[PDB]
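In what follows, a single structure is set out as structure tokens and then discussed.
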Amino acid sequence: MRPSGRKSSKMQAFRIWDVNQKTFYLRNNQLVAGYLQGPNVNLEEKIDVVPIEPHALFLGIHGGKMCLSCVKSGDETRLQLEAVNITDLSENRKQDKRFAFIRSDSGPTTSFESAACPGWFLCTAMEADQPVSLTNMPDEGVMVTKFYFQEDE
């Protein structure tokens, strides 16, 4: 999540998929898993990745100022693209609250911790219909917390 800064100096545009012919992609309000629907490339998964110091912090852009955060739905909290209506306030480091992620990249594939140290846990749906999921339990036969990390187009 960066408001331009230096001109022509590397935009951090990020995309996520997996080697079993599966991809992450936004339709209206959620990043769908594996392979649902994409008729003539009307999706655009490019998000700006900003780190605290060792890779972990937050995500933002998806067309025009949509911030990927751990949002509060009363008692529950899931991954959401909230519309940020301010170009001046953009966090470089930030403290532990329901808004960051620990990106645990084990060489070619990662996992997403939520809030940051406490909060919610790293997975995504297995087949072509449900989305990205910050769950209540680890990988004890649950979902896909082993997904490949790709940059730009």
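Labels used: A, B, ... for chains in the order of the structure tokens, numbers from 1 for residues in each chain, and numbers from 1 for ligands as shown.
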
TODO: Report the residues of chain A whose backbone DSSP state falls under strand (DSSP E or B), written as a ChimeraX atom specification.
DONE: /A:13-18,22-23,25-26,31-32,47-51,57-61,66-73,76-83,100-103,106,109-110,112-115,119-124,131-135,147-151

Please report as a tab-separated table every residue of segment 84-152 of chain A lying within 9 Å of segment 18-26 of chain A, along with the nearest atom pair and their distance in Å (one decimal), using only C-alpha atoms.
```
residue	atom	partner	partner_atom	distance
A:109	CA	A:18	CA	8.1
A:126	CA	A:22	CA	8.9
A:127	CA	A:22	CA	8.3
A:128	CA	A:22	CA	8.4
A:131	CA	A:24	CA	7.9
A:132	CA	A:24	CA	7.8
A:146	CA	A:18	CA	7.9
A:147	CA	A:18	CA	5.1
A:148	CA	A:18	CA	5.1
A:149	CA	A:18	CA	8.4
```

Who sits within 9 Å of residue 62 of chain A, only C-alpha atoms, same chain under 5 positions skipped, as an MDAnalysis selection string:
chainID A and resid 26 44:48 67:68 81

Output N, CA and C atoms for every residue in the selection just made, as a PDB file, in the first residue's frame.
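Contents of again.pdb, freshly written:
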```pdb
ATOM      1  N   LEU A  26      -9.726 -11.726  -7.715  1.00  0.00           N
ATOM      2  CA  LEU A  26     -10.860 -10.882  -7.256  1.00  0.00           C
ATOM      3  C   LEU A  26     -11.997 -10.781  -8.327  1.00  0.00           C
ATOM      4  N   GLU A  44      -7.940  -8.747 -12.614  1.00  0.00           N
ATOM      5  CA  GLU A  44      -6.815  -7.870 -12.151  1.00  0.00           C
ATOM      6  C   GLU A  44      -6.451  -8.038 -10.633  1.00  0.00           C
ATOM      7  N   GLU A  45      -5.630  -9.065 -10.352  1.00  0.00           N
ATOM      8  CA  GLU A  45      -5.150  -9.408  -8.977  1.00  0.00           C
ATOM      9  C   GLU A  45      -3.898  -8.607  -8.444  1.00  0.00           C
ATOM     10  N   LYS A  46      -3.449  -7.531  -9.112  1.00  0.00           N
ATOM     11  CA  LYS A  46      -2.221  -6.774  -8.721  1.00  0.00           C
ATOM     12  C   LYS A  46      -2.468  -5.910  -7.433  1.00  0.00           C
ATOM     13  N   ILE A  47      -1.753  -6.289  -6.357  1.00  0.00           N
ATOM     14  CA  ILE A  47      -1.917  -5.678  -5.002  1.00  0.00           C
ATOM     15  C   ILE A  47      -0.504  -5.096  -4.558  1.00  0.00           C
ATOM     16  N   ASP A  48      -0.363  -3.945  -3.858  1.00  0.00           N
ATOM     17  CA  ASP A  48       0.994  -3.423  -3.474  1.00  0.00           C
ATOM     18  C   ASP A  48       1.391  -4.027  -2.085  1.00  0.00           C
ATOM     19  N   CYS A  67      -7.506  -1.514   0.003  1.00  0.00           N
ATOM     20  CA  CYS A  67      -6.546  -2.023   1.012  1.00  0.00           C
ATOM     21  C   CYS A  67      -6.901  -3.450   1.528  1.00  0.00           C
ATOM     22  N   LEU A  68      -5.975  -4.412   1.350  1.00  0.00           N
ATOM     23  CA  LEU A  68      -6.118  -5.785   1.899  1.00  0.00           C
ATOM     24  C   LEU A  68      -5.578  -5.749   3.376  1.00  0.00           C
ATOM     25  N   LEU A  81     -10.876  -6.379   1.012  1.00  0.00           N
ATOM     26  CA  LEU A  81     -10.370  -5.253   0.202  1.00  0.00           C
ATOM     27  C   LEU A  81     -11.245  -3.994   0.523  1.00  0.00           C
TER      28      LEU A  81
END
```

_Selection: 12 Å around residue 111 of chain A, only C-alpha atoms, excl. self and same-chain fewer than 4 positions, as a ChimeraX atom specification_ = /A:16-18,56,101-107,120-124,132-135,138-139,143-149

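The closest residue to residue 73 of chain A, picked from A:98, A:55, A:7, A:93 and counting only C-alpha atoms, is A:98.
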
**Prompt:** Contacts of residue 83 of chain A at 9 Å or less, counting only C-alpha atoms, minus same-chain residues fewer than 5 places along, as a ChimeraX atom specification?
**Reply:** /A:64-67

For segment 4-6 of chain A, find every residue with an atom within 12 Å (counting only C-alpha atoms), except residues of its own chain fewer than 2 positions away, and show them as a VMD selection string. chain A and resid 1 to 2 8 to 13 48 60 to 61 65 87 to 88 90

I need the residues from that last selection saved to file as an mmCIF file, in the first residue's frame (with N, CA and C atoms), if you can.
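Result went into result_1.cif, see below:
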```cif
data_model
loop_
_atom_site.group_PDB
_atom_site.id
_atom_site.type_symbol
_atom_site.label_atom_id
_atom_site.label_comp_id
_atom_site.auth_asym_id
_atom_site.auth_seq_id
_atom_site.Cartn_x
_atom_site.Cartn_y
_atom_site.Cartn_z
ATOM 1 N N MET A 1 0.886 -1.193 0.000
ATOM 2 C CA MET A 1 0.000 0.000 0.000
ATOM 3 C C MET A 1 0.930 1.253 0.000
ATOM 4 N N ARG A 2 1.204 1.831 -1.184
ATOM 5 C CA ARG A 2 2.142 2.980 -1.322
ATOM 6 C C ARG A 2 1.543 4.081 -2.270
ATOM 7 N N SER A 8 8.757 6.104 -11.620
ATOM 8 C CA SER A 8 9.475 4.973 -12.312
ATOM 9 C C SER A 8 10.400 4.096 -11.371
ATOM 10 N N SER A 9 10.146 4.074 -10.044
ATOM 11 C CA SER A 9 10.973 3.337 -9.052
ATOM 12 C C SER A 9 10.166 2.145 -8.443
ATOM 13 N N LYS A 10 10.219 0.992 -9.145
ATOM 14 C CA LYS A 10 9.570 -0.309 -8.778
ATOM 15 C C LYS A 10 8.252 -0.268 -7.922
ATOM 16 N N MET A 11 7.088 -0.372 -8.584
ATOM 17 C CA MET A 11 5.783 -0.557 -7.885
ATOM 18 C C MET A 11 5.734 -2.034 -7.363
ATOM 19 N N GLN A 12 5.345 -2.269 -6.097
ATOM 20 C CA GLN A 12 5.378 -3.648 -5.512
ATOM 21 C C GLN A 12 4.090 -4.467 -5.874
ATOM 22 N N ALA A 13 3.804 -4.624 -7.183
ATOM 23 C CA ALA A 13 2.576 -5.282 -7.684
ATOM 24 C C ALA A 13 2.687 -6.820 -7.545
ATOM 25 N N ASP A 48 -0.363 -3.945 -3.858
ATOM 26 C CA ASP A 48 0.994 -3.423 -3.474
ATOM 27 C C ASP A 48 1.391 -4.027 -2.085
ATOM 28 N N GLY A 60 -2.102 -3.398 -0.467
ATOM 29 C CA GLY A 60 -3.078 -2.382 -0.997
ATOM 30 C C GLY A 60 -2.988 -1.872 -2.464
ATOM 31 N N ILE A 61 -4.107 -1.841 -3.217
ATOM 32 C CA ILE A 61 -4.277 -1.226 -4.586
ATOM 33 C C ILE A 61 -5.437 -2.034 -5.281
ATOM 34 N N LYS A 65 -6.978 2.048 -5.105
ATOM 35 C CA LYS A 65 -7.020 2.254 -3.612
ATOM 36 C C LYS A 65 -7.953 1.272 -2.797
ATOM 37 N N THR A 87 -5.037 9.561 0.322
ATOM 38 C CA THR A 87 -3.692 9.280 -0.289
ATOM 39 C C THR A 87 -2.467 9.616 0.640
ATOM 40 N N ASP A 88 -2.652 10.504 1.619
ATOM 41 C CA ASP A 88 -1.610 11.002 2.548
ATOM 42 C C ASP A 88 -1.225 10.015 3.703
ATOM 43 N N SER A 90 -0.384 6.606 4.941
ATOM 44 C CA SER A 90 0.085 5.274 4.473
ATOM 45 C C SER A 90 1.196 4.778 5.446
#
```

Name the residues in contact with residue 27 of chain A at a cut-off of 10 Å, using only C-alpha atoms, excluding same-chain residues fewer than 6 positions from it; report them as an mmCIF file with N, CA and C atoms, in the first residue's frame.
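Full text of result.cif as output:
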```cif
data_model
loop_
_atom_site.group_PDB
_atom_site.id
_atom_site.type_symbol
_atom_site.label_atom_id
_atom_site.label_comp_id
_atom_site.auth_asym_id
_atom_site.auth_seq_id
_atom_site.Cartn_x
_atom_site.Cartn_y
_atom_site.Cartn_z
ATOM 1 N N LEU A 36 -12.442 -20.654 -10.417
ATOM 2 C CA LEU A 36 -13.921 -20.427 -10.634
ATOM 3 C C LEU A 36 -14.195 -19.904 -12.092
ATOM 4 N N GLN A 37 -14.319 -18.596 -12.285
ATOM 5 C CA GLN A 37 -14.684 -17.997 -13.609
ATOM 6 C C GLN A 37 -13.867 -16.709 -13.960
ATOM 7 N N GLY A 38 -13.386 -16.654 -15.213
ATOM 8 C CA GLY A 38 -12.668 -15.478 -15.775
ATOM 9 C C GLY A 38 -12.896 -15.419 -17.312
ATOM 10 N N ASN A 42 -11.193 -10.213 -16.932
ATOM 11 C CA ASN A 42 -11.885 -9.133 -16.167
ATOM 12 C C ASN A 42 -11.782 -9.487 -14.646
ATOM 13 N N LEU A 43 -10.557 -9.373 -14.099
ATOM 14 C CA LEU A 43 -10.235 -9.778 -12.700
ATOM 15 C C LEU A 43 -9.185 -8.795 -12.074
ATOM 16 N N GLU A 44 -7.940 -8.747 -12.614
ATOM 17 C CA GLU A 44 -6.815 -7.870 -12.151
ATOM 18 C C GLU A 44 -6.451 -8.038 -10.633
ATOM 19 N N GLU A 45 -5.630 -9.065 -10.352
ATOM 20 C CA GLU A 45 -5.150 -9.408 -8.977
ATOM 21 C C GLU A 45 -3.898 -8.607 -8.444
#
```

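The residue that comes closest to residue 71 of chain A, out of A:115, A:41, A:140, A:52 and on the basis of only C-alpha atoms, is A:115.
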
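Rounded to one decimal, atom CA of residue 116 of chain A and atom CA of residue 50 of chain A lie 14.0 Å from each other.
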
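Nearest-residue note for residue 108 of chain A: choosing from A:59, A:150, A:142, A:31, the minimum distance belongs to A:150, counting only C-alpha atoms.
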
If you count only C-alpha atoms, the residue of A:30, A:57, A:40, A:63 closest to residue 79 of chain A turns out to be A:30

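Candidate residues A:32, A:96, A:69, A:53 were compared for distance to residue 84 of chain A, and the nearest is A:69, using only C-alpha atoms.
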